[PDB]
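The structure appears right after this line, and notes come after that.
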Amino acid sequence: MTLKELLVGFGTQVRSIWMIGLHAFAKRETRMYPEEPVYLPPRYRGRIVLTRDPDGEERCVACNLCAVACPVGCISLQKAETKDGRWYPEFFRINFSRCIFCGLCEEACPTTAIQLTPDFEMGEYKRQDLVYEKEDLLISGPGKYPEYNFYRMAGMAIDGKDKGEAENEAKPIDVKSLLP
Amino acid sequence: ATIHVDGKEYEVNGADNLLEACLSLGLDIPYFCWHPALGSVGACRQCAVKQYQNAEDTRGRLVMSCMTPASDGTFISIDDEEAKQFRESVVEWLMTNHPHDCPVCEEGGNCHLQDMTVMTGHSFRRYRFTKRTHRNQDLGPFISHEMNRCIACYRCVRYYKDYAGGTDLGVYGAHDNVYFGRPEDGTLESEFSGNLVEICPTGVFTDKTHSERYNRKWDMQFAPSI
Amino acid sequence: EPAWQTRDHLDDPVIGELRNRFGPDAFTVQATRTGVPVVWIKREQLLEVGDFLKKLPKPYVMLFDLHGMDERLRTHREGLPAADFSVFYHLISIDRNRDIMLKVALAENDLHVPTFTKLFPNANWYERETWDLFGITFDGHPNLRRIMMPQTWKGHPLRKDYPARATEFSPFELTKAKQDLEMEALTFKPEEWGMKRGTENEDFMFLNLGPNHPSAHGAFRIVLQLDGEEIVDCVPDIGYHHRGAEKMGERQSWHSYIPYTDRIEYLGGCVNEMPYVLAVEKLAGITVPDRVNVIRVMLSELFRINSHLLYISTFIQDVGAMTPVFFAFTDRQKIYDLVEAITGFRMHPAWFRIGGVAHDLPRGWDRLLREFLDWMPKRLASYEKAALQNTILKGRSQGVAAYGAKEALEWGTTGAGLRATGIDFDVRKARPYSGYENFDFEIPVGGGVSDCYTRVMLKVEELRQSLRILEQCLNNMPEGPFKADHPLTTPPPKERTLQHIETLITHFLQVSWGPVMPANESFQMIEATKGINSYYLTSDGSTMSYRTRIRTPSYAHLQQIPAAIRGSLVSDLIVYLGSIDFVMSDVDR
Amino acid sequence: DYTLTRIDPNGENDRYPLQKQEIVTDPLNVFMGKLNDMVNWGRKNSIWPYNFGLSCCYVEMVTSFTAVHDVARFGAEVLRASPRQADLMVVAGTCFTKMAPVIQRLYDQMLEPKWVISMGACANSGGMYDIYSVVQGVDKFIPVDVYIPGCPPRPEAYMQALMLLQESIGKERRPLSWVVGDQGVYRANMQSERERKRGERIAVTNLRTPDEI
Ligand SMILES: CCCCCCCCCCC1=C(C)C(=O)C(OC)=C(OC)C1=O
Ligand SMILES: CCCCCCCCCCC1=C(C)C(=O)C(OC)=C(OC)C1=O
Ligand code: SF4
Ligand code: SF4
Ligand code: SF4
Ligand code: SF4
Ligand code: SF4
Ligand code: FES
C-alpha cells in the first residue's frame, strides 16, 4: 500500500480513539429502570382496563364491538341486563398472552369503557394467568376520558333517566294528547 | 320486458315493479317500506330513482321504483346525483329523531336501517335540534318493544293486519307522533307475531327470548335446520 | 379529475406498440384503479410479449413482481377472460417511468406457464413462491421446489380451499418422529442443487450461516460451499420467517389488516402502513387533505431515520466497531419518544387509517421534534467521523460485493443499491405520493458501482435529506382535519361517533363487519426504508380483501445475493449482509 | 408450594417436552441451605442471554441491550452466540413451523441450568398470527419460565421479566452436584403478578387525557 494511505489510516485510528475517549468524558444517557419510573405518554398503548362513568357505574354496555373489531380475537364477553334495563357485561375476559396492544378495541368503543393505559409491567410466570377477567380489568374511575357517559346520549330508559331525559331529546308526547 | 338501468340493457318481468326487478338483477336500491311478501305502498320514499321516458332525455323525474312498473322502454338511473342526494336526504330525515341507541340495541349488526344509512353514504349530522321520544308497551313474553327507533315505515301493521290477520296491532297518532302497537298493554295474541322482529327494519320489535341471552349476528354460529 | 378514477389506460404508447406488434385481437385491456396498464395476454404469447417489452427503444428492464392469484371465488369478473387461476407480471421501465402488468389466465387442470427466468433472472424465487403457494407449475424452471413451506408440506396455502387459521388444523404436536422427519427435511442436500461436493485435491466445506448466526438478520440460512475461506456457491434458504400475511389479508377486514401491514417490515412502521392505506383509499375513492399528507410524511420520514440509524449501526457492528450502535439506539429512543407521544406506541404504531390517521397531533409534538432535530446532526457527524471515515471500515467495505446497473436492473434491486449504481429512480420523485411534491429534498445517487460503502453512504445522505424534510414539515404544518370527510373513512371521527347517530351507525358497521369497498383492483408503490414497497389489492366488493399481494425489496436483494458474492470470502459476505438493509419479515412476509 | 420436574429424553415419551412434572413440597441442612442460597444468588445475579432472535421482539431486546436502557446493570448483557455458553433462551419472535425443530435443537444444545423467557404475543400464544405456518405459542413444545405480553414488549418490560426470572431463580432448588443428591429440578409455585398487582390496578381512577403529551 501507499505510504500516504498508511499515514492517513494511522491518523484515522488515532482520531477514532480520541473520539471514543471524549465519549468516555461525556454524559450518560441511560434511563435508570427500575429505580426511576419510565415516562409514558398519556396515549401510550399498554395494559387494557374497563372504566366507569362519573356516576360510578361501569361504562360498558356489552355491545361486543371491541371483540369483533379485535383482529386477534382475544376479547370475550356476554351481555346481561339489570332490572331497570341497562346493559352490562356479565363477564369480560381478555387473553393478554394473545393481545398485541394495537388499540383497535379502544378505537371501536362507543362508550369509552375499554381503554389502553400507560402500563407495560405485565410479565407473568404462567400464561393461563395472563387471561384477565372482569375483576382484573374494571377500575374505579373514568380513565383517560373523564366526563363522557354513553347513557346520557342513548334513548333507552334506565334508572335515573326516563324517556326524553337524554341529550337533545324532547319530552314524549302521547298520542291521546289534546294538542293538534 | 326490457329496461335500461344506467345505460345498461336488462330483461325483466313486466308484471313486477322497478324495485324488485332491479333487486333481482343485483342492483342495490335503498328501501324500507317494501317487502316481497307484503307489497308496495310508497311510504318511506327511500327507493327513488330518476326515470326517463326516452333514450335522449336529460331532466327526468324522481319516481319510486317500488311504485313504478317495470314496463318495456323505461330508462332509469339509480346512481344519478339528484336521486342519490334525495335518498341521502330521506336517510337524514329518518336520522333526525332516531335515538343514539345502536350499542344497546338488539338489532345492531342485523339492522336494515343501519345498512341503508351506510349504503346511501350519510355519515354527517347537521340536525341540531331535539329528538322526539316515545313510551314503550309490554307486548308479552316474546316481543320486546322500543318505540323510539321507529322510522314509520308501516311494515309491522301491514304484515300483522293485511297478512297475518291480527287485530291488536295498529297505527295511532298524528303528523310525526305516529305510534305502532296495541291500544293498551298485553300480549300479542296472533300466532304469527314473532315475524315482527324480522319484518321491522329497526329495533322496535325485538326477540325478548334472544334478548335475555343476547349476542350479535357475527358472533352467532348458524346452521340450516328444520 | 381525481387520481383514484378507474382508468382504462389506452393512451399509453406501450398499448399502441403492442397493438401494432401482436395485432388488435391478441390481448384484453383491463380497466383498474392500479394506475398501471393491465394487459390480459395469452399463455402462448407470454415470452414473445416479454421479449418485445425487453427490446423496446426505452425498454421495460425490470421485473417488479411475479405472482399468482386464485380467481375461482371472484364473483365480479366483468370484462375479464375466464380463469380459475391467473399469473401477473409487473414490469417497470425507468426510462419511460412507466409500469405494465401482464396477466395470464389458467384453467384449474392446465396449471402450467412457461418460465420467465430466461428473460429476467430474478423470476426464479417468484416462480418458486407461486408454485409453493398456488400450485402453478412453471415449465423450464431449473429447480422448482418449495421456498416458503418445508418440503414435507401437503397442499398449497394461498389457494381458496386451504384453511387459513392454525386452529383449523390440529395443534402443533412436536414428537420425536416429527422432529427427526423435519430435521431430515431441513438438512441441506447438495446433490439436489448440483453443488458437486468434492474436488480431487480437497473436499468442499458446507456451512450453515444462519438461522442462529449473529450475521443473519433473522431466521434464514445461507448454505455456503467453501474451499478454505473462499465461497464457491451459495444457497440462500428462506421461508423460515413466513407469517402468511397475504392469506391473513384474505382473512381480516380492510380496517383490521392495518396492524398486520405494520409488521411486514418491522423497522418501517408507518412506512409499511402508507402503501396499504393509500391503496385502500384508491379503492374507496378517498382524497385525503393536506394535513393528513404532511402528518403521514412526518411519521414515515421519522421511521425512515429510525430504520437508517439501525442499518448504519448494524453495518458498523458487523464491520467490527461495537460502539456507535449504543448511540444510534439512543437517537432511536429520541425518535421513539416522539412516536410514542404521537401514535402511542414505539415500533408498530398502526396509526394510519383509511382516509386519515387515528388521532390528531397532541399538544406539544413540535417541542419533541425540535429536540430531535437539534440532537441529530451532531450525533450523525460524530458517527461519520468516528466510524464511516475509518480506513479499516473502508477496507472492509469499499470494493466488497460490487455490482453495476445491469445487475441491479436484472435482479430487481431497488432502494440505495439501485441509486448507488447511478440510476436516479426514487418513488418519492418519479411517482410522487402523499404530497411529496411540496417538500424540497434531494435524491443521492452513486457513481456507478454499488459497494457496501456506497450503499451505506447513500443511506447516510438519505438520513440527512429526511432530516431536511422533517425540518420543512415542522416549519410548515397545515391547520385542518386529520381525517377525510368521505363516508368510507374508517373509523369516523370519535366525538361525532359519540354524539351523532349517523356517525355511530357508520362506526358500528365499519368496525364490526368492515367497510364495503367496491369491486376493483388497486395498486400503490412507495419508497420504503429498504427499497420499494408495493401493495396490490383486489377487492371482490366485500368487506375483506380478495387478494393482498405485497412486493418487498429484501426478497429481490436476497435473490441477488448469490450473483454478487460468488467467488469472494465469507468476510465479504458478512459485510454484504450487513450492508444490504434487509429484515426477514420483509422477505418471507 | 413447589413443582418438581425430571427430564428423560431416552425414556418412553414421544411428545415434547420430554419431562415429567408433579406438585411437591419444599425439600429445604444448617449449611446446605445457605450454600444453595449462595449458588441461587450467583445464578440469578449472573444470567447470560442467548443471541437467538426470530422477529421484531428481538429488535426490542437488543434495544434493551444498548446504552439508553443498560441491562448490563443487572449483569445480563454478555450475549453469547453459542448455546453451550448461554444460560437463558429468550424466544423473542414468532415460533414459525419451519423453525420449531431449529428452536428445539437450540434448546437441546443449551446446558444446565437453563431458563426460557417467551417475549411477545407470538412467542406466548402465536399472537395476531393465527395462520397455517405459525406454532401457536412456543410453550407447545418447550417449558417456558417467564411470559411477556406485548407486540413488541418495550425494553423495560423485558428487564421486568428478567427481574421476575431472577426472583424465580432465587428461591428454586437445583442439584448442587451431579454425583451426590437428587437430580430433579424444584421450581417455586409463585403467586401470579396479576393477583399481586390487582390491588393497585383496580384502585386507578384518573389518567391523563390523550390530547396532552
Ligand atoms: C449487545 C450489544 C448491542 C447489540 C445490538 C444489536 C442490534 C441489532 C443487530 C443486527 C441484527 C438484527 C437486526 C437481527 O434481526 C438479527 O437477527 C435475529 C441479528 O442477528 C442476531 C442481528 O445481528
Ligand atoms: C470465572 C471468570 C468469569 C469471567 C466472565 C467474563 C465475561 C466477559 C466479560 C467481558 C466481555 C467480553 C469479553 C465480551 O466478549 C463482550 O461481548 C462483546 C462483552 O460485552 C457484552 C463483555 O462484557
Ligand atoms: S389492543 Fe388490539 S389486539 Fe389487544 S384486545 Fe384491543 S383490539 Fe385486540
Ligand atoms: S366496545 Fe366498549 S361498550 Fe362495546 S362491548 Fe366493548 S368495552 Fe363494552
Ligand atoms: S334500530 Fe338500527 S339504527 Fe336504530 S338504534 Fe337499533 S341498530 Fe341503531
Ligand atoms: S315499528 Fe318497525 S315495522 Fe313498524 S313502522 Fe316502525 S320501523 Fe316500520
Ligand atoms: S409479538 Fe409482535 S413484535 Fe413480537 S415477534 Fe410477534 S409481531 Fe413481532
Ligand atoms: S320502498 Fe318504495 S317508497 Fe318505500
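Labels for the C-alpha cells follow display order: chains A, B, ..., residues from 1 in each chain, ligands from 1.
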Exercise answer, chain A residues close to chain C, 10 Å and only C-alpha atoms, as an NGL selection string = :A and (5-6 or 8-13 or 15-20 or 23 or 29-30 or 39-46 or 63-72 or 100-105 or 107-112 or 116 or 118 or 148-150 or 152-154 or 167-168)
Chain A contacts on chain D, only C-alpha atoms, 7 Å, as a PyMOL selection string = chain D and resi 67-70+121+124-128+145-151+156-157+160-161+192-193+198+202-210+212-213
Can you list, as an MDAnalysis selection string, every residue of region 2-176 of chain B that DSSP puts in strand (DSSP E)?
-> chainID B and resid 2:5 8:11 48:52 61:64 74:77 143:145 170:172
For the selection just defined, write its residues with N, CA and C atoms to a file, as a PDB file, in the first residue's frame.
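The resulting file, out28.pdb, is reproduced below:
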ATOM      1  N   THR B   2     -88.064  -5.033 -21.294  1.00  0.00           N
ATOM      2  CA  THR B   2     -86.710  -4.518 -21.450  1.00  0.00           C
ATOM      3  C   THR B   2     -86.631  -3.135 -20.819  1.00  0.00           C
ATOM      4  N   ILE B   3     -85.721  -2.970 -19.861  1.00  0.00           N
ATOM      5  CA  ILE B   3     -85.494  -1.685 -19.215  1.00  0.00           C
ATOM      6  C   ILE B   3     -84.029  -1.313 -19.390  1.00  0.00           C
ATOM      7  N   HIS B   4     -83.719  -0.045 -19.129  1.00  0.00           N
ATOM      8  CA  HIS B   4     -82.347   0.442 -19.238  1.00  0.00           C
ATOM      9  C   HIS B   4     -81.944   1.085 -17.920  1.00  0.00           C
ATOM     10  N   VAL B   5     -81.088   0.406 -17.168  1.00  0.00           N
ATOM     11  CA  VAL B   5     -80.584   0.908 -15.897  1.00  0.00           C
ATOM     12  C   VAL B   5     -79.170   1.418 -16.132  1.00  0.00           C
ATOM     13  N   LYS B   8     -77.362   0.440 -19.194  1.00  0.00           N
ATOM     14  CA  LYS B   8     -77.242  -0.992 -19.418  1.00  0.00           C
ATOM     15  C   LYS B   8     -78.617  -1.600 -19.649  1.00  0.00           C
ATOM     16  N   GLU B   9     -78.712  -2.453 -20.663  1.00  0.00           N
ATOM     17  CA  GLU B   9     -79.970  -3.085 -21.029  1.00  0.00           C
ATOM     18  C   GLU B   9     -80.207  -4.307 -20.152  1.00  0.00           C
ATOM     19  N   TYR B  10     -81.424  -4.433 -19.628  1.00  0.00           N
ATOM     20  CA  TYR B  10     -81.793  -5.546 -18.767  1.00  0.00           C
ATOM     21  C   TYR B  10     -83.140  -6.109 -19.192  1.00  0.00           C
ATOM     22  N   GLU B  11     -83.269  -7.431 -19.100  1.00  0.00           N
ATOM     23  CA  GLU B  11     -84.513  -8.134 -19.392  1.00  0.00           C
ATOM     24  C   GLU B  11     -85.182  -8.481 -18.067  1.00  0.00           C
ATOM     25  N   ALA B  48     -86.112   6.039  -4.397  1.00  0.00           N
ATOM     26  CA  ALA B  48     -86.197   6.975  -5.509  1.00  0.00           C
ATOM     27  C   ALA B  48     -85.113   6.715  -6.548  1.00  0.00           C
ATOM     28  N   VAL B  49     -85.528   6.657  -7.812  1.00  0.00           N
ATOM     29  CA  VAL B  49     -84.626   6.611  -8.953  1.00  0.00           C
ATOM     30  C   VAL B  49     -85.133   7.612  -9.980  1.00  0.00           C
ATOM     31  N   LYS B  50     -84.229   8.079 -10.837  1.00  0.00           N
ATOM     32  CA  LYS B  50     -84.592   9.082 -11.830  1.00  0.00           C
ATOM     33  C   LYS B  50     -85.036   8.388 -13.112  1.00  0.00           C
ATOM     34  N   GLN B  51     -86.284   8.606 -13.506  1.00  0.00           N
ATOM     35  CA  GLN B  51     -86.863   7.966 -14.674  1.00  0.00           C
ATOM     36  C   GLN B  51     -86.840   8.910 -15.868  1.00  0.00           C
ATOM     37  N   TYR B  52     -86.507   8.348 -17.028  1.00  0.00           N
ATOM     38  CA  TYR B  52     -86.581   8.989 -18.326  1.00  0.00           C
ATOM     39  C   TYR B  52     -87.470   8.144 -19.228  1.00  0.00           C
ATOM     40  N   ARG B  61     -87.301  12.496 -14.002  1.00  0.00           N
ATOM     41  CA  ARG B  61     -88.274  12.693 -12.934  1.00  0.00           C
ATOM     42  C   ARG B  61     -88.009  11.680 -11.832  1.00  0.00           C
ATOM     43  N   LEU B  62     -87.911  12.149 -10.593  1.00  0.00           N
ATOM     44  CA  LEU B  62     -87.655  11.252  -9.473  1.00  0.00           C
ATOM     45  C   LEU B  62     -88.920  10.471  -9.147  1.00  0.00           C
ATOM     46  N   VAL B  63     -88.865   9.152  -9.319  1.00  0.00           N
ATOM     47  CA  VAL B  63     -90.006   8.283  -9.080  1.00  0.00           C
ATOM     48  C   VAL B  63     -89.610   7.226  -8.060  1.00  0.00           C
ATOM     49  N   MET B  64     -90.623   6.565  -7.514  1.00  0.00           N
ATOM     50  CA  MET B  64     -90.422   5.457  -6.593  1.00  0.00           C
ATOM     51  C   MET B  64     -90.364   4.165  -7.392  1.00  0.00           C
ATOM     52  N   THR B  74     -88.410   1.863 -20.377  1.00  0.00           N
ATOM     53  CA  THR B  74     -88.160   2.803 -19.293  1.00  0.00           C
ATOM     54  C   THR B  74     -86.658   2.915 -19.075  1.00  0.00           C
ATOM     55  N   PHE B  75     -86.158   4.148 -18.960  1.00  0.00           N
ATOM     56  CA  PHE B  75     -84.731   4.393 -18.797  1.00  0.00           C
ATOM     57  C   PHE B  75     -84.541   4.979 -17.404  1.00  0.00           C
ATOM     58  N   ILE B  76     -84.121   4.169 -16.446  1.00  0.00           N
ATOM     59  CA  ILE B  76     -83.972   4.672 -15.088  1.00  0.00           C
ATOM     60  C   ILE B  76     -82.499   4.756 -14.727  1.00  0.00           C
ATOM     61  N   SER B  77     -82.193   5.711 -13.857  1.00  0.00           N
ATOM     62  CA  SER B  77     -80.866   5.906 -13.300  1.00  0.00           C
ATOM     63  C   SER B  77     -80.957   5.778 -11.789  1.00  0.00           C
ATOM     64  N   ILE B 143     -92.040 -10.554  22.421  1.00  0.00           N
ATOM     65  CA  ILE B 143     -91.640  -9.388  21.643  1.00  0.00           C
ATOM     66  C   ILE B 143     -91.356  -8.239  22.599  1.00  0.00           C
ATOM     67  N   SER B 144     -90.140  -7.710  22.531  1.00  0.00           N
ATOM     68  CA  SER B 144     -89.770  -6.503  23.252  1.00  0.00           C
ATOM     69  C   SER B 144     -90.015  -5.293  22.363  1.00  0.00           C
ATOM     70  N   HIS B 145     -90.509  -4.217  22.973  1.00  0.00           N
ATOM     71  CA  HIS B 145     -90.960  -3.022  22.273  1.00  0.00           C
ATOM     72  C   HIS B 145     -90.061  -1.848  22.632  1.00  0.00           C
ATOM     73  N   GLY B 170    -101.738  -1.765  15.467  1.00  0.00           N
ATOM     74  CA  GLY B 170    -102.215  -0.709  14.601  1.00  0.00           C
ATOM     75  C   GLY B 170    -101.363   0.536  14.706  1.00  0.00           C
ATOM     76  N   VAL B 171    -101.707   1.500  13.851  1.00  0.00           N
ATOM     77  CA  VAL B 171    -101.095   2.822  13.829  1.00  0.00           C
ATOM     78  C   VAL B 171    -101.985   3.766  14.616  1.00  0.00           C
ATOM     79  N   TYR B 172    -101.377   4.550  15.494  1.00  0.00           N
ATOM     80  CA  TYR B 172    -102.057   5.586  16.246  1.00  0.00           C
ATOM     81  C   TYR B 172    -101.291   6.884  16.067  1.00  0.00           C
TER      82      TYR B 172
END
Counting only C-alpha atoms, the residue of B:141, B:210, B:148, B:136 that sits nearest residue 181 (chain B) =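 Selected residue with least distance to residue 181 (chain B): B:136.
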Which residue of C:241, C:496, C:165, C:334 approaches ligand 1 most closely, using only C-alpha atoms and all ligand atoms | C:241
